Structure formats: structure tokens, C-alpha cells
Protein chains: 2
Amino acid sequence: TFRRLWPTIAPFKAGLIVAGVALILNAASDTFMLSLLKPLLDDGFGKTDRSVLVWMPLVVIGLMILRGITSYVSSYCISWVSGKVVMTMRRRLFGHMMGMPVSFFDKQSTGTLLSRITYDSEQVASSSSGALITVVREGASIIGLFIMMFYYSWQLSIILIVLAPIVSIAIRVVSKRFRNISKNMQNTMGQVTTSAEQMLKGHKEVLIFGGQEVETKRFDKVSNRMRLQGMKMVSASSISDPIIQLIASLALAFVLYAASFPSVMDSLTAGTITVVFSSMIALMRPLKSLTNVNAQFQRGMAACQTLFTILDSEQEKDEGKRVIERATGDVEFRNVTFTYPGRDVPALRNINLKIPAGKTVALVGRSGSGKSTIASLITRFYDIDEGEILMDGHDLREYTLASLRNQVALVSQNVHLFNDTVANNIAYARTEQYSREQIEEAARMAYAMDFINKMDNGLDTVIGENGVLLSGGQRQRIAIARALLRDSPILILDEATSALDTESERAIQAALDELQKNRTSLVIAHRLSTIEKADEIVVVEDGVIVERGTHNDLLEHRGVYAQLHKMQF
Amino acid sequence: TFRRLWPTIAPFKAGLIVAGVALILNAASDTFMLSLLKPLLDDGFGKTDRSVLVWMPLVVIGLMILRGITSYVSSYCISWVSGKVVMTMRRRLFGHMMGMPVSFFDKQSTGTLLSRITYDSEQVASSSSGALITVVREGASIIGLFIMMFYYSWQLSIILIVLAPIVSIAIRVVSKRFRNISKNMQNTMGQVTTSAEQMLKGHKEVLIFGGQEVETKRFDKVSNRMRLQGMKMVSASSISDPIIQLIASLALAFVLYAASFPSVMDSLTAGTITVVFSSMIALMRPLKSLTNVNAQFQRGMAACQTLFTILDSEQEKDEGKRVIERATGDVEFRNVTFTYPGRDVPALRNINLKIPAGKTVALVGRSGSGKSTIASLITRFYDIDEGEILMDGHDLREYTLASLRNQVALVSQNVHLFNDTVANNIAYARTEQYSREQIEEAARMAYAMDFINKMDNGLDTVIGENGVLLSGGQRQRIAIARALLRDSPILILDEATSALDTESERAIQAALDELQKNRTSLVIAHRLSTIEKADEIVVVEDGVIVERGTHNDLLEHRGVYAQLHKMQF
């Protein structure tokens, strides 16, 4: 429709200009090929001299060489412009990906966001490249062949370009009329076959009454009706092709009789008629390619505008300005109601949860997964619909999102591994600040050191995809090591791995216990031992608290703690 | 295999042969058009302004007119051959199909059996016509074009037909080389899209750990990898077209440089070169049409063997030569096990039905299976698997089938009415035997006289499909009137009409009583009055008999009929 992509093809534009120059060569080279047909017939084979026909093969070989180099450099420079625009468009899209909110990542588009970031961007790049290729190459071919036909024999060019649309609309009206005849006769066949179904019910009603011969005569009559109807079908269908070919050659007869009647003619010698005939025979293809230009361009800018509304979605709401280096204050829920966007059911109703600093708080009692929201609220993955959660007496909306995300650590079994070293994956965004010996120490306590000895390069081995594909318990150990490196004041772990490694699960629990000796920890518990280590347990069924207290208080008051001990046993 | 249909085209093959007299000429005309390219260039505008340029437009007009008439008569004569072969094929298929058993028609494929009559045999005729046209038209085109080759410029023709396989194998090997370069190529950027998938997947961890800048910096490197891989793709796919045009025009330059030899020219003359190049560029199409000849033959002849499987298959087993004139004898079932072919469960266990002469026997079973085929075993629709049914002490297998089906009358609401007149519908297959006054006499006790006078014509109107159409009880009244005209000794009824006609359904029962006043009557019943009108009652559940005897005897004994009776209420 309308491009604001012109600034983001601004620094590469001259390269496209060079590309355009190549296409200005390219079709013109083809034009010269058609011009090369002129000395062949009039001078080369016609006259008895050999001199034009030794001029022929080197010149046509040079033109083909020049067409080859100009096509290579045309596609190379259009690939440069398309590649650099998909470079900067992909980079700007991914830059507006990582600060943009999580609500697009709620199973709206996960695998097709790869399509949005890759396939749509190469689609608009290739569409603009092919659109420029089509427009400028077939435009150069059209204007070259037009100036060719006007230069060599302008009169016959004029009358033959006059004769092309009248025979074209003659083909159109003949095809329309015969298509009307065809569809009416398809209806007539419909009628002839509705009578043919009657014989198939006939079969049963024939053998029950012994009427094979009378049904044979009636099928003879109706099948003669099919034969006559099909005779008129194939006659009317195959009368089309001689008619269209006859009116098409009426134009050829008009040109050839028109080479004699206007007695000022005969300006053409021998080869120029072959030149202009091959000119329109080879010109019928650029016009057909130019008809699809607006459709290709509209599809490409449709993909571009889809990518533009992908870019047009805003980032996080970062209206807060409270920068806090160390958030040792208590996080406290105050009647917070939160709803999933696009879902009518409220994901969380009003909750007065209290998390003291240092004291370990557990969260149990889920129906489905009600704690998945709660693990995300303090990190502010999702915005709160109503209510306030206070840290240091301050709401998270008052906080900056960067510092608030800095004070939170997240450890889980599904921790995805970046395609970097082990020491880089432990130390995301802090590798420059932390010394490598500190990553080694964090590995020492995290009890993952034996496994870091296991790969070849030690702490510098790649560990993500197309790497070692490290075990999920060791992925958990990696996440604990990240937690010891960050030393965030709060802790949140799902523990819903449900797979216990031989003596490595005990090391995982021990490393988590060293990690949670200091600072607070809000734990989603699947291990029963982690319920014993919990100082506080808050039982929330979906969005409402069932119970709040220490585990010996629910050892007497049953509630749904009996159901929790049931599904733990 | 091959054909075995030549006798089926043998009386009409002369209409094929004159078609060939068209077809070769249709291609000869095209050859003559290319022959017209020789005096138009050399003897045309170069030498004389006049004379020849009166000849060429009129000759082109005459050749195109002749092409039109020969294409019209070619299509009409091949339409004659295809219409006559589909004529005799549909006649033979239907005439064999009428005696062919109902066991194929029990929902194997009833919708496609109309296609087996029309579409499959039309595919056979159209494929044979297309195969013959594709052989002989482009065969004469190839032969005439090679005659044009060897008549004009012998040396250039022989070297050009030498050079065309060389450029063909060269274009094949370079296409194969660039293609498996592409299939070797296309995995490497897919491995980069895996890294992009992991990078966009780690959005949550990039948010919580605060690593947007590092992910942007690494996305720059991986997107540079995508740009380089796309560069290599576009370069590798781009370098094909200069290579293909370079090798094609290398072949063209070979022809031109070999034409620079003075031995070859001096026979090539002024013109005579455009006809040869145009002969190859026209040939590019008949050879491509001829290479599909075996596929076009084989698809249609596979359809022909499929139809020949239906044409030669099974028939009625009619090893009984006992003609029966009047079936006054009692129908007696005796330990008769019948199973539907292709079905696991036996549809009928060993039952010993007795049908005494002039006595009403009623089948009132509610099972929905097993008893409906009893109405088909009496007509020998399905053959006996075990046991014996004897009529007048004689088995119906030992009876003549045609006389037996003469002895059966069938009345139901599922009766099919033919496309003939309603007078021909009542007296169907015996309208020569019975007079029109006898048909009106049968209509008198049929109580259908008001519906006959309701029609536009009266007694001789058409009642079937694409006709006046008839109500369901009035469609039954055709079958009661057909029963009075046939006066068969046995009755077979359905009684599934839950809907009852106002003041005519009781008249339908009155006409049925008129018919049942004499002779045997086996009735399938659901209406209570049909049960009360029974002389004898036999109720069958699944394939087994549960109660035999009159309505009073089953009115005393509870058994199975009483709960059936309460279900009827």
C-alpha cells in the first residue's frame, strides 16, 4: 500500500541502483539479441559474402557472456539490498521482541512467531526484490522492443500493434460464447444422467418382475440420447479451436496483405519482419509478467503490514521509577485479583498472602495449576488486574522493571540453555562483572562440578542445543548455580520434576538448602521433604486461600492438607 | 494388457480411417504453413514488391480454412468412433448387469456404479481417442517436419539434430549439479533457524535475568549467519540461469559457426534458415505430446480393464429347469441357514416356516435384522447357503428362475416407478399381454382412479422422475394395482409406513384385503390391524424363530409377541 521502508533501505539504496543498472543492461542485451536477427537474414545468409557471419558468433557469445555477468551482478546486488533489509528488519523485530509483554506468548503464536520473524521477513524481502526485478526488467524489455519496432519498421509496427487488441477481444468474446454453450450443455448432461439413475433402481424392480428386455430397450433409447448429446458436446467443444486459430491467423493475413496494399510499403527488406514478429512473440511474456506486478506487490506489502502490526504492539509498561539495589523487604499480597487475558474465568481472586524475609514460605493446594500465576506475579511476568503486592512498603508498579527483575531468581526443571559456554550460561549478563573463579565457586557449592569435569573443555564447553544436551536434573543444578551467582533475596521453584536422580537429587536438595539458608523463599512443593523444610505453608485452591500456617498447625487441622498428604503418598 | 476391444470398434473402424485421412492432413497443413516461411523470406519482399505477396496471404487463408474443416471433420469422426464404442460398451455393460446378481449391489459402491456406466466408459472412449489423436497427429507432424528438415538445408538439418541431444544432456547434467548443490545446501540455514528457535524460546529467561542487550548482541551474530546463508542460497540459485542460457546459445553459436563453412551455405540461401529454427521450436511441442502417449493409453486402458472386470464377472446361477406356471403349492422352509456374503454373523438360522395355501402368515419381528431377507429368499434374490425351501414339493433352486420371479408380486413404499407412462408402469413388462381396459379395471379395485384423473393426461400420463410425482401411499397403489394385474399366488409386504393417508390408507388396506381374499400371503407387519388380520403369526427375533401360531394362540401365550405388541403401542 504505502512504504515507510524507504529509510530502512536508505543506506543500501545505491547498491539497488547498481542492481537497476544491471537490469538496464540485461533486457537491453536481449534486445540486442533480437537486433542481431537483422544482419543475419539481410546481410549474412542473403548476400554471398562471408563477412557478416564471422561477425555473428563472437558477437552473440559476447552478448550472452555480458547477460550472464549482468544477471549474476543483478541478483547479487538485489540480494545485498534484500539481505541487508531483512537483516535490519529482523534485528528491529527481535529488539522489539524482548521488551514486549508476555501476553503474545500465551500460546497465541509460538511456532508461527518463528514464521513471523523469519518467513514473513524473507517474504517481503523476496517480494520487493522480485517486484523490482519484474518492473525494471520487463519495463526495459518492453521499451527496448518498442523502440526496436519503431526504429526498424514503424508503419508495420503501428498497424500490427493496432491489430493485436481486436483479435484479442475476438478471442475473448468467442471463448465467452462457447463457455456459455458448454455450461448449458453440462446442465443438459445433468438431465440425461438423472434418467440414468432410474435404471439402477430399475435392476431390483426389473428382476422382481422379469422385465430385462423392456429395460434393455429403454436403456437403448436413453443411451442413444446420451450418444446424441455427447455428439453435440464434442462438436461444440472442438469447434472452438479452429475458430480461435482462424481469427488469430486473420491478423497474420491482415499484416501480410497489408505489406502490399499501401504501395509506399516494402521499406522492410528481409530480416526486419522477422525482427518485429519475434519481437511481439517475445514481448507477450513481459506483458504477462507485468500483469502480476500489483498482485505480487500487494501480497508483499500485506506480509509487511502484518509484520508492522507485529512491531506496532507496545513494550512493557515501565511507569515506575523506584530503583532498589537490594530488596530485602517483605513481599506481601493485599487482596490481589488477577485474570488471564482472553479468559473469562478469573485466574486469581483476592489474596492476603504474607512472605517474611528469611522465613521460608510454601504454597500448596493447586487445582490444575493455580500457583503458576503466583510464581509470575512477583517477577511481574503478567500485570496485576486489581490489588497491590508491596515490597519494602512499595508496589511493584512503582518499581522499575529492570531492577525488580534483577532482585528475582527463578529455578525450574525446564530452564532453557543458551548456545554459549557453561560459564556463560551460569553468568547471563554478569559474565563481564563476575570473575570466572566466582563461577567456579558457584559450581563448587551447586554440586555440579563433577558434571562440569565430564565435558572436554570444562567450564568453557558449549552446553545448549547442538551441544552436550545436559540432563534435566543437571539443568536444575545449573539453575541453582545461577541462583548462587545472582544471590537474589527471594526464591521460587516448582519442584514438579517428579524424577529423582540416584544421589544427585539429594545433592540438588542439599544445594537448594544451602541456597535457602539465607534470604526468603516462596516454594511450590512437590517433594514432601520440602514441605517439612517449609516454615510457612499457604494453601490456595485456585484463586482463594484455603489455609495459612505452619505444617504442625495443619497436622491437626485437616482441610485439604489431608489431600496433599494423600497425593504425596 | 492390450485392447481385446477391436471387434467392438470393427463395424465402425471405417469411420476411424477417414478420421485418419483428416488427421495426417491436419499435420501436413501445419507443415505446409512452415513451408510458406520459405518463399516469404527469400522470394518475398527482398526481390519483388508484387506477385508473391498476393500468393502468400491467400495461401495462408486457404491453408487455415482447410485446417478448420479438417479439424472439424476429424473431431466429428473421432466423436463418431468414441460415441459408437461407448454406445456398444454401455449396452453390453447394462445388458450383462441386469442378469448380474444383486449381491454386488448391496452397498459395495452404488454411487460409483453410475460412474461405471457413464464416466468410466467415457474415459475409455476419450482416452482411446486422445491416444490415437496424440499418436497420429504429432506423428504426422514429426514425419512432415523431418521431411521439411531433409528437403531444405540437408547439412544444417543433420548437424542441428546432432547438436540437440548434446545440449539436452548438457542441460540435464548442469541442472542435476545445481540441484544437488541446492539439496546439499538447504540444511545449513535450517540449523541456524534452530538457533533462532532457541533464541526466541528463551524470551522468559531473557526477561527475568535481564539480558536483552546480550541477546540483541548475539542475535546480531546469528542473523549475520542467516544473511550469509541466504547470500549463498541466492547466489547458487541465481547462477543457474546464466549457465542454462550460456549452454543453449553455445549450441546456437555452434550452429552459426558451422554455418560459416562455405560447404554448408550456398544451399542455406537467403531464407531457408528461419524455417529450420521454427521447425525445432514448433517440434519442442509434438515430441512433448508424444512422450505422454503411453501414460495416456495406460490410464484409460487400466480403466478399460476395470470395466472389463465388471463386464466379465458373475451371473445368476440358473441350474433349475423346472418352469412353474401357477404357484398354488405351499411354500415350506426347512432348516435353512442363510448368511450374507462378506458379513460375519449368520443372518438366518435353521427355521422351518410353513406357508399354507390361501392362509395369511404374518412376520411381525422387531429385531430390525434377519427377517427382512426372508422377503428376498422367497424371490431367490440371495442364494440358499444351507437347508431347503420347497414350493409344491419342489425347490426354487430346482425351479426356473424367470418363471419364479413371474410368480412373485412385491408391494412396498420403496417401490421404484419407471420413466415410462403410468399405464406402462402398472402393466410393466407385460403391457402387450394386457389391454388398457384391464389396466383401468385393475385401477378400479386399486382405488387409484381419483389420482389418475387428478393428472393432466389421465391414464397414459408419465408418473416417474421428471414427471408429475406421486405420494407414498399413492406410490403403493401402483404396486397393489400391479399385483392385481399380475395375480401372483404369493404376497410380500413391508408395512413401514408410519405416516397414514387421510381416508386413503384404510382404502389401501381395503384394496390389499381385495388382493388377499385368495391365495398365499406372507406379510411383514407393524400396523396392529395387519396383525389382527393374520390367519397365522410367526415372530422372528434376529435369525431365530420364537413363536408360531395364530393370533389367539399367541394372544394366550406370553412369549415374545406380547412385549412386541406393547412396544407397537
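We number chain A the way Swiss-Prot does; in order, the residues shown are 12-580.
Method reported for this entry: electron microscopy, 4.0 Å.
Every residue, even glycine, has its Cβ placed from backbone N, Cα and C.
Copied over from Swiss-Prot, here are the features:
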type: BINDING; residues: A:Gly376, A:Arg377, A:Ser378, A:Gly379, A:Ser380, A:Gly381, A:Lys382, A:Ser383; note: ATP binding site
type: DOMAIN; residues: A:27-310; note: domain 'ABC transmembrane type-1'
type: DOMAIN; residues: A:342-578; note: domain 'ABC transporter'
type: TRANSMEM; residues: A:63-83; note: transmembrane segment
type: TRANSMEM; residues: A:140-162; note: transmembrane segment
type: TRANSMEM; residues: A:167-186; note: transmembrane segment
type: TRANSMEM; residues: A:253-273; note: transmembrane segment
type: TRANSMEM; residues: A:275-295; note: transmembrane segment
**Prompt:** Neighbourhood of the ATP site (A:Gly376, A:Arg377, A:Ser378, A:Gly379, A:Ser380, A:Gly381, A:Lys382, A:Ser383): other residues with Cβ within 8 Å of the Cβ centroid, in order?
**Reply:** A:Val551, A:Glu552, A:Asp553
**Message:** Would you identify which of the binding-site residues A:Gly376, A:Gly379, A:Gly381 has the most other C-beta atoms lying within 10 angstroms of its C-beta?
**Reply:** A:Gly376
**Complete:** The answer for the transmembrane segment (A:140-162), taking Cβ pairs under 8 Å and residues 6+ beyond its ends, is 27, 30-31, 34-35, 37-39, 41-42, 45-46, 85, 89-90, 92-93, 168, 172, 286-287, 290-291, 293-294, 297-298, 300-301, 303-304, 307-308, 311
**Intrachain neighbours beyond the transmembrane segment (A:167-186), with Cβ under 8 angstroms and 6 or more residues off its ends** = 160-161, 251, 254-255, 258-259, 261-262, 265-266, 269-270, 276, 279, 284, 287, 291
**Message:** Just to confirm: which same-chain residues, 6+ apart in sequence, have a Cβ under 8 Å from the Cβ of A:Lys382 (ATP binding site)?
**Reply:** A:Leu374, A:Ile535, A:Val551
**Request:** Fewest other Cβ atoms within 10 Å: which of the binding-site residues A:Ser378, A:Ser380, A:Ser383 wins that one? Let me know.
**Result:** A:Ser378
**Prompt:** Which residues of the same chain, at least 6 positions away in sequence, have a Cβ lying under 8 Å from the Cβ of A:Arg377 (ATP binding site)?
**Reply:** A:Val551, A:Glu552, A:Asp553
